[PDB]
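Below: the structure, in structure tokens.
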Amino acid sequence: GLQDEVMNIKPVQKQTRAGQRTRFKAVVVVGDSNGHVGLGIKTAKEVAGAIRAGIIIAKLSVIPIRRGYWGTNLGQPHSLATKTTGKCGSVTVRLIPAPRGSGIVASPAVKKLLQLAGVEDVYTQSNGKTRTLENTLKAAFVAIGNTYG
Amino acid sequence: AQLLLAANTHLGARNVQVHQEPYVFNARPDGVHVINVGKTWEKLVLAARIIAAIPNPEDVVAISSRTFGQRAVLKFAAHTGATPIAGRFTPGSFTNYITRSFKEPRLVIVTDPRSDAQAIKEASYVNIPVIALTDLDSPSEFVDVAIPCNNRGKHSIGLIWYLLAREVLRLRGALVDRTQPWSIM
Amino acid sequence: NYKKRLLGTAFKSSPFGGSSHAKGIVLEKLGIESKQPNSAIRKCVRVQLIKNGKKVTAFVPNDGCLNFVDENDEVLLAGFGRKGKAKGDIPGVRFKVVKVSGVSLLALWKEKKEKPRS
Amino acid sequence: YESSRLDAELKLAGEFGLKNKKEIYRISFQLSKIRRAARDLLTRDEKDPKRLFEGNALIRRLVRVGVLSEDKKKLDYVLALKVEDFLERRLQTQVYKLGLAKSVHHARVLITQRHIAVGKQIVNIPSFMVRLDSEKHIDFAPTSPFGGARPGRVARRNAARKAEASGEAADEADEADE
Amino acid sequence: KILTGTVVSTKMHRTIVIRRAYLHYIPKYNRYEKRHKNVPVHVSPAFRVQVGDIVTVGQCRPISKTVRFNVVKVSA
Amino acid sequence: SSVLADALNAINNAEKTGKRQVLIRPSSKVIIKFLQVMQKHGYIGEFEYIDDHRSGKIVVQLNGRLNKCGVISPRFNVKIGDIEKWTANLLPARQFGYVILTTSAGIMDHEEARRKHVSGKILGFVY
RNA sequence: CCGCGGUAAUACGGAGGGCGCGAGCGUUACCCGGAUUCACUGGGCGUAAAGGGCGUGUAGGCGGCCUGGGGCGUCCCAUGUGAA
RNA sequence: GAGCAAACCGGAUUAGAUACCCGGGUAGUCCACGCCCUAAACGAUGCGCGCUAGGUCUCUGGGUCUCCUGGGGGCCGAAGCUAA
């Protein structure tokens, strides 16, 4: 019961002696929807090999986001247990829980993580430096790890 | 697989890292610190136990770039199905595993973590357990399962590694005979 | 002040009154050249608007005949376009003259087959 | 509105019963299949159709959306009002849902024309918000499309008795109901 | 209402100046700001209150211009 | 700077290195109070009173995991000396992780504070 | 916005075709937004704009560990007010 | 007021030479007292405090003085940071 969604695949070109050569990178999220999720980024000459590579990689390195999961103890139905603010570098990310029907209100970088995260409803805010890469993403990830409950 | 008697080889080594303070027994003449084997033993039991678990299907990538260890890492490594990195740990072997394909290892048996630090770091990111024969020079914090003892000296490296291998096979049911690397000394 | 005050945003067209259109009188039917590489004689006109009481320069759309704008013809300024300005072509022109409306002195270009008549 | 409706249903490519009627896009590639759009395309395209369906002005539409947006739960269905909240709640819509009228517009005229009743009081305001437990009867003088209506089933949220030509809005219908 | 303050000045006739001190949450900032005001209070006996006394002032009808308070009593 | 900030920083810094132990800092009643939550929440193995140079200090047991960045990936100070941060029970804030607040009630986690229905300066957030 | 037109223009005008969704639609003017651009949320200052030539020190901002009193900030409850 | 040397006076080079090269040369460069207050006034990096591998050379103090410990000056480099 591993759902497998793919965040996105990029062309990633590079230049070498008198020649460009690209490979593909695929980010894949894998989750039970019961509390287990894994993220895997695998690259290959072809898109398919990459996605499959990522899926396998994601399967390894799974993390226990505390959202809802298969009927047992409940997480929060598509939402987060509590608000956390995390600053990474100049980047600060804020997550606040929301009721169902709210939707995932966030900027893209934060959103893309939260959706594969399995979170359906949240209110977010990016403050400070907004380098998506530099630390908004890292900041989000840390924020998720921090959540308890 | 035991031997407290081990005092002959491993014991202390001279240099220092304050963090590995708990592992050190005391200082001897020549200012060489001496590792307390009693702890070394405690660690081995915990360490090895982890090892019996992994050999059911799991693999352990052995890493030893260090010169004293380099030959041994091959023998003990070959001695089991396990794969090693003898010459030079290419960057991103773990992190960009896809480029250099294999299946990500369940664990890593690193000899000198300080020297081998790049490898250890990649494991941390991957969340792959890290076992290491590490002495006074290195950070104990980084190693998941630490075998505190002389990181240098073939007589030492050969002993721990060979045994760790025997345990792998023993767990396998190989019933393999004694190790060939002893000749390496 | 406690802190220095930075310049805020400014409205693109001060037709005054934030009005949709303003009527003015032509001062001069000049012709300005483009910027960047493009070149040609863009037809423009200085106008004295009633509202702002401001004097502005406005673009006169359409091939036009000669064009039907003279020294003191009444005209309406649309600010046609978001800004009404022709930035790429001519700097300094904030508004377009509406002759499509054919309001006031500005006559429409007659028999223009193309849809831009609208 | 009152503009060529048909073309809008096509092109939005979503079934729109501007009349009760057919889906195929009018031009250039009526035949070709077009599928899942991007989020961006979805947002704009969604607006025009959700609105176009109801045949309502942006001004009215906006208020409804804003309310449904603030309330928690998926905005879409809460906004939607299968009978749930707002959109299908309009009296003009209900009459259509009830089968009184073939189309939403027709229902709108019926309601405006006064051929409609609510609680026996005649209401010719299409914007009228129907609450639960209200009866939407057909004006006495009028009576027609009810036949043919006989076989048709009705949303669980609503119900109608063909004989009286009456019906009731039982409750706010969920999107699933939609 | 009733306020408390100190008699800063005896100088005037039949009047006393009482300095009431007040603290409060400011509606906008919510910062706790403190400000004090001086109010002229009616003292009929002119012997009733001397400087240094702490008195309670009470809202009254206008006695004089710029005076809407009477000395309720001596707190001390 | 701030004693509390110093402690969070020391732990943050030490964890990065992966030190098993860390003199989190010189002990203070408040600091220990904070560590207790850190323990209960499971962020740290535990802490202990220690004597360094006749000065009281708190050793903090770091607790890490195999997978990746520390168990305590985040830990950021919020209220700071220049600007204090107080929050009503209404805006305690929520996240997958916890926030430690100090209330007259004591130092509690966000969940605890909600129960107590109290507010207070928001010392920090961890998750 | 970047820009397009100087004889092959998917960028001008029309046509055909296409995409989106007109009892209105579009323009002009003006206000708020986007503008954290008078960055609190939410930015910076080695080389991109940005460390004051250096010190001494006023006002001011900030302040180690333990205990007790006060309860000004801070938090809670009730109540009044927060018109239409 | 020895030497040096803006300006200046000459010699040469050059197409020209208001320059570079050569010979002279005043202010100035030196001292005192007062003034000016600038700079690539540079580490192009404000001050204080705490925390985060090491290796190597060096100046200055202590030590149980083939090395440990404190203050300072350099180089290489963990983690990390950085657009590089």
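Every residue, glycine as well, gets a Cβ built from its backbone with ideal geometry; the counts of neighbours run over all protein chains shown. Since every read-out is calculated from the coordinates, none of them should be taken as a lab result.
Residues that are farther than 18 Å from residue F:64 by Cβ and touching a helix residue (DSSP H, G or I) at 6+ places or on another chain (Cβ under 9 Å) do occur in segment B:122-135, at least one of them.
The set of residues in segment A:114-149 being β-branched (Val, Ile, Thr), within 12 Å of another protein chain (Cβ to nearest Cβ) and within 11 Å of RNA strand G (Cβ to nearest atom) consists of A:124 alone.
For (1) within 16 Å of residue C:18 (Cα to Cα); (2) surrounded by 13 or more Cβ atoms within 10 Å (Cβ to Cβ); (3) of a type in the set (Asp, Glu), each residue gets a yes or a no:
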| site | (1), (2), (3) |
| --- | --- |
| C:48 | no, yes, no |
| C:60 | no, yes, no |
| C:77 | yes, yes, no |
| C:88 | no, no, no |
| C:117 | no, yes, no |
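Applying the condition of being in contact with a helix residue (DSSP H, G or I) (Cβ under 8 Å, 6 or more places away or on another chain) and within 12 Å of another protein chain (Cβ to nearest Cβ) to segment F:72-91 and asking which residue is surrounded by the most Cβ atoms within 10 Å (Cβ to Cβ) yields F:74.
Taking the criterion of being loosely packed, with under 10 Cβ neighbours inside 10 Å and part of a loop (DSSP other than H, G, I, E, B), the residues of segment E:31-58 that qualify are E:31, E:45, E:47.
Okay, residues lined up against (1) outside any strand (DSSP E or B); (2) within 16 Å of RNA strand H (Cβ to nearest atom):
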residue: B:1; (1), (2): yes, no
residue: B:11; (1), (2): yes, no
residue: B:15; (1), (2): yes, yes
residue: B:43; (1), (2): yes, no
residue: B:47; (1), (2): yes, no
residue: B:55; (1), (2): yes, no
residue: B:61; (1), (2): no, no
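Say we look at segment B:106-133 and pick out the residues that are more than 17 Å from residue A:38 (Cα to Cα) and in a loop (DSSP other than H, G, I, E, B); which of these is farthest from the other protein chains (Cβ to nearest Cβ)? In this case the residue turns out to be B:111. When restricted to residues that are within 9 Å of RNA strand G (Cβ to nearest atom) and part of a strand (DSSP E or B), segment F:103-127 contains 3. Of the numbered criteria (1) crowded, with 19+ Cβ neighbours inside 10 Å; (2) of a type in the set (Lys, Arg); (3) more than 16 Å from RNA strand H (Cβ to nearest atom), the one residue A:100 fails is (1). Here the strands (runs of 3 or more DSSP E) wholly within segment C:1-94 that include at least 1 residues being over 23 Å from residue C:118 (Cα atoms) and not small (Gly, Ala, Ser) are C:22-28, C:42-49, C:55-59.
Only one entry in A:68, A:35 is farther than 30 Å from residue F:85 by Cα, within 13 Å of chain F (Cβ to nearest Cβ) and either outside any loop (DSSP other than H, G, I, E, B) or in contact with a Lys or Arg (Cβ under 8 Å, 6 or more places away or on another chain) (or both), namely A:35. Can you pull out the residues in segment A:108-148 that are surrounded by 19 or more Cβ atoms within 10 Å (Cβ to Cβ) and in a loop (DSSP other than H, G, I, E, B)? Those that are surrounded by 19 or more Cβ atoms within 10 Å (Cβ to Cβ) and in a loop (DSSP other than H, G, I, E, B): A:118, A:119, A:120, A:121, A:147, A:148. The set of residues from segment F:9-49 being over 23 Å from residue F:96 (Cβ atoms) and within 14 Å of chain B (Cβ to nearest Cβ) comprises F:13, F:14, F:17, F:18, F:19, F:20, F:21, F:22, F:23. Name every residue in segment C:86-118 that is in contact with a strand residue (DSSP E or B) (Cβ under 7 Å, 6 or more places away or on another chain) and within 11 Å of RNA strand G (Cβ to nearest atom), in order of residue number. Across segment C:86-118, the qualifying residues are C:86, C:89, C:90, C:93, C:94, C:95, C:96, C:97, C:98, C:101, C:103.
Of all residues in segment D:83-129, those satisfying the criterion of being more than 14 Å from chain A (Cβ to nearest Cβ), part of a loop (DSSP other than H, G, I, E, B) and not aliphatic (A, V, I, L, M) are D:99, D:102, D:103, D:114, D:115, D:119, D:120, D:124, D:126, D:127, D:128. Out of A:92, A:132, A:72, one residue alone is of a type in the set (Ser, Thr, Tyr), more than 21 Å from residue F:125 (Cβ to Cβ) and within 16 Å of RNA strand H (Cβ to nearest atom). It is A:132. Flag not set for residue C:48, criterion: within 6 Å of RNA strand G (Cβ to nearest atom) and of a type outside the set (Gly, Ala, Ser).
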